[PDB]
């Protein structure tokens, strides 16, 4: 691991210098894309168990 | 490989899946279904 | 038949099968013991119960392992002639097929805990066979996919549900109170929307610190946002150069270079494989061949403490493997925390290059691509005469995964992720797949593709 260490330190300065951020506007864009994806999953969750669970015994109806 | 050639699908083919669903309800409650 | 149009339709069917697989165990329960280790079981398939996959995400690397280990040895080691399997897959089917049913059988065949009296007299033909059917269908599809495909996120979607479906499930299932939400000692109406309404009036009790410690999951969920920010940041980095395509002049068609982000994916695969270790170590000690005083000696730790008696190998083998999971930092015991950080850092780094490198990262691979579609060789060098894209791929790649594999391991000690290391890894999966998915569609958007 003391072998890869040497290589890594040279890289560590280099990447940050080479690459700019997600350029301000695109911080929102990446975050937003994830948010839509999360939302799809949430919809599924109500159908599977909100409806199904009060069938056995009424606790809110479904 | 396998001597059966049919891998893919495209309507009435997943017979194994169809059998699988039927068995479960027997085993226990969720709709107040009978327990085997 | 191949055709991108067909492929998208196939992906929709794959998603449907996963939903169906979840649906059947919800209606009935079997409940002769669950079996697979509880945290580990959740990482593969946190849903159903009874018929969670035993094949995806970690047996996958087993089959492929032979390539990694021998190559990384440098001299292949005193290993038996690897060869075998005639030549080409088919053996790939054989492995994952057995490993599904195999996991359920081994749990009572050997140690662990489940007193056998045979496999079952009755217990196995109902349980075991149902477990086998779900895993078998998914493997057959996966092998078929590995022959001329390279799209679809069936697999990714189950991980996506594991992060985000669970949040809503806990919210819309109680009647008791529940671990999730309220922070209320008893009954006091607990729903996510209901809590926000009451809280507005007076306080909220969550402008951070350590709160009361653990309590609801929701304290963690606020903290999540900070870990979210760093993972998205590392996506951004690229080194470009696809320039001068389809002419020369100036104008071109961009190729993204995945760079650091591709490198992390082997570590996520590695983390699951490492996790298993406790079951094998336990087997070597107690229940292997004759009671050697080296097999015993190496492992063990199972004499004392914590009240199990049987003692798993949660004494010491687990301690090296994983953190205590305590909320703050180094914690009460330095030793347990220190060893875990060291243990993962080396393993992560070695893995990060390797699967991705074989599957299509290197200048030799890229060389075959560039003849077909033409970058136009981008104002390069005659013969490439001290290679750009060749030299900078190993240096970038090794570092690339190092950051992510560092971060998840350290983050367990940090309060913010709810159940430590596994969640930080699991979130990272979601971004990369979503980004990839858009590229296959192309069709200038990012919008629908649900059945389109």
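All Cβ positions, even for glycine, are placed from backbone atoms using ideal geometry, and neighbour counts span all protein chains on display. Just so you know, all these numbers are worked out from the coordinates, no wet-lab data involved.
Computed values, structure above
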quantity	calculated
Per-pair calculated FRET efficiency, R0 = 22 Å: residue C:364 and residue C:66 via Cβ, rounded to 0.05	0.55
Acute angle (nearest 10 degrees) that the helix A:2-18 long axis makes with the longest principal axis of chain A, alpha-carbon atoms	80 degrees
Where a label projected 7 Å from the Cα of residue C:390 along Cα→Cβ would reach, residues of the stretch A:1-40 with amide N under 16 Å	none
Shielding of C:164-170 by partner chains, average beta-carbon count, 10 Å	6
More than 32 Å apart - percent of Cα-Cα pairs taken over the protein assembly as shown	53 percent
For chain C, alpha-carbon Rg and Dmax in angstrom	24.6, 77
Separation between Cα centres of the stretch C:257-327 and the stretch B:2-19, rounded to whole Å	39 Å
Protection proxy ranking of C:40-51, C:80-91 - average other beta-carbon atoms within 10 Å, highest first	C:40-51, C:80-91
Near-label residues of the stretch C:227-250 by backbone N, under 13 Å of a point 7 Å along Cα→Cβ of residue A:23	C:236-240
Alpha carbon Rg of the stretch C:9-156, scaled by the compact-globule rule 2.2 N^0.38 Å	1.18
Average beta-carbon neighbours from other chains, 10 Å sphere, peptide C:133-139	2
Bins of 5 Å from zero: percent of alpha-carbon pairs in the stretch A:1-60	4, 13, 10, 10, 9, 9, 10, 9, 7, 7, 6, 5, 3
Calculated [θ] (222 nm, deg cm²/dmol) that DSSP helices of n ≥ 4 give over chain C, each run adding -39,500 (n - 2.57)	-18000 deg cm²/dmol
Alpha carbon convex hull of the stretch C:1-59, volume per residue in cubic angstrom	108 Å³
Partner chain coverage, peptide C:223-229 - average Cβ within 10 angstrom	1
Relative contact order of chain C, pairs being alpha-carbon contacts under 8 Å that are 6 or more residues apart, as %	17 percent
Theoretical ellipticity at 222 nm over chain A - DSSP helices of four or more residues, -39500 (n - 2.57) apiece, nearest 500	-21000 deg cm²/dmol
Efficiency of FRET between residue C:113 and residue B:29 - r from beta-carbon atoms, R0 35 angstrom, step 0.05	0.85
